[PDB]
Amino acid sequence: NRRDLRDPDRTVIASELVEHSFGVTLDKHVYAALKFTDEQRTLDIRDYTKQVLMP
Amino acid sequence: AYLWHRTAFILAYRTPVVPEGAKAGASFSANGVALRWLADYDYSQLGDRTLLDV
C-alpha cells in the first residue's frame, strides 16, 4: 500500500498472502481391443506383427 | 475291398497355431500328423480344460 508522509492518520493496512491450488486428475482409459477366432489366427492372419499389432 | 489309385483320394491337414494368449502347450503326433494341445484353467468352474485338435 501507500500513505502520504507526515499524515496525522497514522494507520496501516495489512496485506494478505493467499496460496491457490488446482488439481490434476487421471480419469480416462484409452484402449484398443481385438478378438481372433483360432481359425482366423491360423489361416487368415499371415504375420501377427505387420497385420495386427502395428494397426 | 477297395482298390484305388494314388490320386483317387486327397487328404489335407493343418495344425492350428496356438495364440499368444494361451499358456504354451506341447504339440503331439498321430500317424504322422501334428496336433495342437492347449490347456486353460477355468476359474469360474474351478477346473482345468484341455483341448487337442487339428
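Positions of Cβ are backbone-derived with ideal geometry, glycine not excepted, and every protein chain shown enters the neighbour counts. None of the figures in this text is laboratory data; all of them are computed from the coordinates on show.
Numbers for the structure displayed
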quantity: Boolean, A:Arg3 is surrounded by 10 or more Cβ atoms within 10 Å (Cβ to Cβ), farther than 25 Å from B:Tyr13 by Cα and away from chain B (no Cβ under 14 Å); calculated: yes
quantity: Single residue of the range A:13-43 satisfying the filter (within 14 Å of chain B (Cβ to nearest Cβ) and either β-branched (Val, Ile, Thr) or not in a loop (DSSP other than H, G, I, E, B) (or both)) that is nearest to A:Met54 (Cα to Cα); calculated: A:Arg41
quantity: Single residue of the range B:1-27 satisfying the filter (of a type in the set (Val, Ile, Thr) and within 14 Å of chain A (Cβ to nearest Cβ)) that is surrounded by the most Cβ atoms within 10 Å (Cβ to Cβ); calculated: B:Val18
quantity: Lone qualifier among B:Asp48, B:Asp40 - being within 14 Å of another protein chain (Cβ to nearest Cβ), part of a strand (DSSP E or B) and more than 10 Å from the chain's Cα centre (by Cα); calculated: B:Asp40
quantity: Options A:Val18, A:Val52: the member that is under 40 Å from the mean Cα position of the chain (by Cα) and touching a residue at least 12 places away in the same chain (Cβ under 8 Å); calculated: A:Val52
